[PDB]
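Worksheet for the structure shown next.
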Amino acid sequence: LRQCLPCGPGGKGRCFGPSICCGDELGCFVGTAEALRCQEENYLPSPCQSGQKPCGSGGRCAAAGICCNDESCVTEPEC
Amino acid sequence: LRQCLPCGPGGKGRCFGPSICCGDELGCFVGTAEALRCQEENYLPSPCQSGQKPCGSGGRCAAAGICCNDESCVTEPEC
Amino acid sequence: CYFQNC
Amino acid sequence: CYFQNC
């Protein structure tokens, strides 16, 4: 059980997908420079999952009011 | 016919949703500081739509390989 | 306003 | 690797 590689502003956020980096007080970076290091997960053998509270289609609450899976992010009031 | 309010790094990107800011060489900011000014669209009477190439569920290609509508962003190789 | 929000 | 990608 591990969250995926850290990313973004001072490694505060964490990876939810190859191109998704989200943080508690950060929000979500979808395909921005902050998400570049998230590609590295594709190389690690061990399976990871970030977030804690599940929502939507196999997603986890990535940031405030944001639910993300490994390829998308959506607004879910329950996050 | 108008794109929604500008946002992000040097107002280079534009709004796709109340909390979504995307840019050509920027990527997508979902619920980050760069998307704060996107809330302002909710106040303007005139309807707007950013992007050009449609994709997914009523989305527009927001950035490289990214499709977004007013509430979500997903990876679509066709963008 | 966003198209589907107007 | 991301769970559904592994």
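Count begins at 1; order follows the chain as displayed.
Looks like X-ray crystallography, 2.3 Å, at least that's what the header says.
Keep in mind that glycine also has a Cβ here, set from the backbone N, Cα and C atoms.
If you look up Swiss-Prot, you'll see A:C4-A:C48 (among others) marked as disulfide bond, on the strength of experimental evidence. DSSP classifies A:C48 (disulfide bond) as strand under the three-state reduction. Less than 8 angstroms from the CB of A:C48 (disulfide bond) sit A:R2, A:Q3, A:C4, A:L5, A:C15, A:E41, each of them six or more residues away in the same chain.
Of all Cβ atoms in the shown protein chains, 26 besides its own fall within 10 Å of the Cβ of A:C7 (disulfide bond). Classification of A:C7 (disulfide bond) by DSSP places it within a strand. The disulfide bond feature in Swiss-Prot is assigned to A:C7-A:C21 (among others); the stated evidence is experimental evidence.
Secondary structure at A:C38 (disulfide bond), as computed by DSSP, is helix. Annotation comment: Swiss-Prot describes A:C15-A:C38 (among others) as disulfide bond.
Taking Cβ-Cβ distances under 8 Å and a sequence gap of 6 or more within the same chain, the neighbours of A:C22 (disulfide bond) are A:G8, A:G13, A:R14, A:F16, A:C28, A:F29, A:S50, A:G51, A:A62, A:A63, A:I66, A:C68, A:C73. If you look up Swiss-Prot, you'll see A:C22-A:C28 (among others) marked as disulfide bond.
A simple way to gauge crowding: the CB of A:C55 (disulfide bond) has 19 other CB atoms within 10 angstroms, across all the protein chains here. Mapped onto three states, the DSSP output places A:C55 (disulfide bond) in strand. Per Swiss-Prot, the feature disulfide bond maps to A:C55-A:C67 (among others).
In the three-state DSSP assignment, the secondary structure recorded for A:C61 (disulfide bond) is strand. Around the Cβ of A:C61 (disulfide bond), the same chain contributes A:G51, A:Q52, A:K53, A:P54, A:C55, A:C67, A:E76, A:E78, A:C79, each under 8 angstroms and 6 or more positions distant in sequence. Taken from Swiss-Prot, the feature disulfide bond covers A:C61-A:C79 (among others), and the record attributes it to experimental evidence.
Among the features that Swiss-Prot reports, disulfide bond is placed at A:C68-A:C73 (among others). Around the Cβ of A:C73 (disulfide bond), 31 further Cβ atoms fall within 10 Å across all displayed protein chains. In the three-state DSSP classification, A:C73 (disulfide bond) falls within a strand.
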Fill in the CA-CA distance, A:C7 (disulfide bond) to A:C38 (disulfide bond), as an integer in Å.
7
Quick check on the disulfide-bonded residues: of A:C38, A:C79, whose CB has the lowest count of neighbouring CB atoms inside 10 Å?
A:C79
What's the most sparsely packed of the disulfide-bonded residues A:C21, A:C68, counting other C-beta atoms within 10 A?
A:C68
